[PDB]
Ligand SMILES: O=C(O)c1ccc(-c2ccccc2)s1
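Before any questions on binding or motion, here is one chain by itself as structure tokens, the form solved without the named molecule.
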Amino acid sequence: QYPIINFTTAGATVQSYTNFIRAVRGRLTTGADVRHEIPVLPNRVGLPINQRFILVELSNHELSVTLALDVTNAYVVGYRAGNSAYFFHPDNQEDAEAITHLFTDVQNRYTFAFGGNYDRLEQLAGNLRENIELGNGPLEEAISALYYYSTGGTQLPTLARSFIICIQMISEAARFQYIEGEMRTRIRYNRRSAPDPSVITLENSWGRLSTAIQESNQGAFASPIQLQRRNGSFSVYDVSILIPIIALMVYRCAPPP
């Protein structure tokens, strides 16, 4: 069986959400491949299927949905509600075979024709990340929408919107202490707002940051990476600035020795 991490938006405080994200990170990496104080997610190639996925159980009103997160990139691939399961379109064959292992005891399995990346989901949702709100409200409503998709109520522009909400508040909060902290400040003051460009460019730059950090000359980037702040305005040439920012990376190369 796969590991399960529990969370509910009913009474969610900065403490409970924080401990939830930290448990998610704990199950994403063993901690055995840390480079520059940043853990590297395990390599996809040699990974047995029995270690490929993580399960996140969300609850609220008390409807529960189980998201499936890919261990190799902390990203959501599908979800389970009741006796139904819905998956994102795989981009090769081995991940599809791995998907068949996720929710084996459900009656109905349906794979969306579209992938899980931000582009396609944005196009389905009618909005893009820059205008969709994040917060405990958006998450609590997202859980209900996901549950009632299998019931037959929710439509696609709402389903995919709830998808990008869950992905940002869970997957990207796990990837970055920065985004986790911003969600903590939204939960603390009951706020609900669109993620400012700092968040969005960090989301778009996760893979490139992984590559540059693992490929650096003892921390020094070979090429500078461009990021943004909150107003939208910089280059990073080193891993030092990113240590309290990024919490998880993809396996790009082998450790140098």
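Numbers for residues come from their place in the sequence shown, where the first is 1. So that the term is clear: the rigid core is the largest set of C-alpha atoms that superpose within 1.5 Å between two forms. Only residues modelled in both forms are compared.
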As the entry stands, the deposited residues without coordinates between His61 and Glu62 add up to 1 to 3
Of the deposited residues between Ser233 and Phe234, the number without coordinates is 1 to 3
Of 34-42 vs 212-220, the stretch with the larger average CA B-factor in the entry is 212-220
Once average C-alpha B-factors are taken from the entry for 238-246 and 10-18, the winner is 238-246
Per the deposited B-factor column, the C-alpha that peaks among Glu172, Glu182, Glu140, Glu133 belongs to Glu133
In this crystal structure's PDB entry, the residue among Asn83, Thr104, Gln93, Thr151 with the greatest CA B factor is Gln93
Temperature factor at the Cα of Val76, chain-ranked in thirds, falls in the lowest
In terms of its chain's C-alpha B-factors, the third that includes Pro197 is the highest
For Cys166, the third of its chain by CA B-factor is the lowest
Of the three thirds of Cα B-factor ranks in this chain, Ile49 occupies the middle
Tertile call for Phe114 (CA temperature factor, within chain, third-based) is the highest
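Quick note: we don't show the form deposited with the named molecule bound, though the next part is all about it.
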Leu202: touches the named molecule in the bound PDB entry, heavy atom cutoff 4.5 angstroms: yes
query: Should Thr29 be classed as touching the named molecule in the bound PDB entry when contacts are defined as heavy atoms within 4.5 Å?
result: no
ask   = With the cut-off set at 4.5 Å between non-hydrogen atoms, does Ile38 touch the named molecule in the bound PDB entry?
value = no
Margin query: I'd like to check something about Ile54: if you look in the bound PDB entry, is any of its heavy atoms closer than or equal to 4.5 Å to a heavy atom of the named molecule?
Written below: no
In the bound PDB entry, do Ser84, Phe103 and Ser150 all reach within 4.5 Å of the named molecule through at least one heavy atom apiece?
no
Of the residues spanning 166-193, the ones with some heavy atom within 4.5 Å of the named molecule in the bound PDB entry are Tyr178
After rigid core alignment between the shown form and the other one, the listed option with CA shift of 2 Å or more out of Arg191, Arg44, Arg27, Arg35 is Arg35
Stretches of at least 3 consecutive residues with Cα shifts of 2 angstroms or more throughout between the shown form and the other one, after core superposition, read in sequence order as 30-32, 34-37, 254-256
